[PDB]
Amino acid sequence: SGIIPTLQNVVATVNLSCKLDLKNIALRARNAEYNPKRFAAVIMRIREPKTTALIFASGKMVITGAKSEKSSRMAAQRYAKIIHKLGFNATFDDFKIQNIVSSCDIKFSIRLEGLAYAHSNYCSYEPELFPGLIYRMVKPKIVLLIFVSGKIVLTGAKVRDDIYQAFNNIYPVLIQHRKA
C-alpha cells in the first residue's frame, strides 16, 4: 500500500452481438457455472491473471477483477475467444470501463471529526452507521472513503487520471487533520 493510489479493481462491460444460452455455456465451459437462483448470469473465471466474467442472457458481459485498463481489455478479449471456441456467434463490441476502485495509505492517522466539520457540505461521517468518512468530490467526480488509519479508498473513476487528480486534491486536506 503506497502513497500513490494503486488500482484494486477495474470493471468493464462489453456487448456480445447475440443472445447466449446460459445453461449451455455453463455445461460446455471448463470454468463457468450457472445457478439462476444464486445469480442471474453465467459466472466464468480465468486463472491468470485472476478475473471474473458475468455473462448475461441479453448478451451483455461484465468483466471484473482486473488491476488495470489494459488487463481488463485483454481479459475481455480472452473471454470472447473462449465463448467463440464454445461455438457461439459473439462479437466484441463497445468495450467500456465503467468503474475503477483504488486505494492508498498516507501512513498517518486522521482526525475524521475535524475533517468532517470543516467540510460538511462535501462529506459525511457517522460511525454509528458506517465506518470512515465519505467525501463526494465534484472535480473530478470521485467518491473517497477516508479512514482513521490513513487508508484511503477512491471509487467511481472512469479513467486513471481522475484517480490521481482526486488524490492530489484531497492530500493537502488530509495533512491538515493529522493526529497521533
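Start at 1 with the first residue shown and count on from there.
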>> Going by the mean C-alpha B-factor recorded in the entry, which is higher: 100-108 or 73-81?
In response: 73-81
>> Tell me which stretch, 40-48 or 117-125, has the higher mean Cα B-factor listed in the entry.
In response: 40-48
> Considering only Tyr34, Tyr135, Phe147, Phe56, which residue's Cα atom bears the greatest B-factor as recorded?
Replying inline: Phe56
> Is the Cα B-factor recorded for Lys151 in the lowest, middle or highest third of its chain?
Replying inline: lowest
>> How does the C-alpha B factor of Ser17 compare with the rest of the chain: lowest, middle or highest third?
In response: highest
>> Please place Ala180 in the lowest, middle or highest third of its chain according to the CA B-factor in the PDB entry.
In response: highest
> Ranked by Cα temperature factor within the chain, is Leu174 in the lowest third, the middle third or the highest third?
Replying inline: lowest
